[PDB]
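Below is one structure, written out as structure tokens; the observations come after it.
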């Protein structure tokens, strides 16, 4: 799969993760500069979403969609990951009224990008995370995957909600 941003085409770097694969646990950093494990136990579905930067317009809509869904379905875990430092994640979420969303930074280890295969290769956005959604079942197996072909498009939310019923 190759992701497009205007005239740029991107190779995805890191290990390819497909529907049926056990999703690896990875170390991320939260707004308190606390190291956390991505995976949550005692939850029917885990939704993990990545975006290139919370400073983007399309990116903010994505974060705002998953913030709202956090309150709507408590039996589902929602996580949003970017390469933004936790400081700017906290400030953007604070400015834009995103107070429920589990917002995590991949900056320290790039473990999410490397292990979910959404690291953007050579180009202006190199080292940022491709716009993407993974859903894991109660056993941490990938049951749904979207890496958005055009990074300026939002994820397919209709496809995602069908998986969560």
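Using Swiss-Prot numbers, chain A covers 2-166, in order.
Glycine too: its Cβ is placed from the backbone N, Cα and C atoms.
According to Swiss-Prot, the active site, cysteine sulfenic acid (-SOH) intermediate annotation covers 60. Annotation comment: Swiss-Prot describes 60-94 as disulfide bond, evidence class sequence analysis. Annotation source Swiss-Prot lists domain 'Thioredoxin' at 18-166.
The DSSP breakdown of the domain 'Thioredoxin' (18-166), given as helix, strand and coil counts, is 41 helix, 40 strand, 68 coil.
Note: residue 60 (active site, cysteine sulfenic acid (-SOH) intermediate) has non-local neighbours 52, 53, 54, 83, 132, i.e. same-chain residues 6+ apart with C-beta under 8 A of its own C-beta.
Sequence-distant neighbours of residue 94 (disulfide bond) (same chain, six or more apart, CB under 8 Å from its CB) are 32, 55, 64, 100, 102, 104, listed in sequence order.
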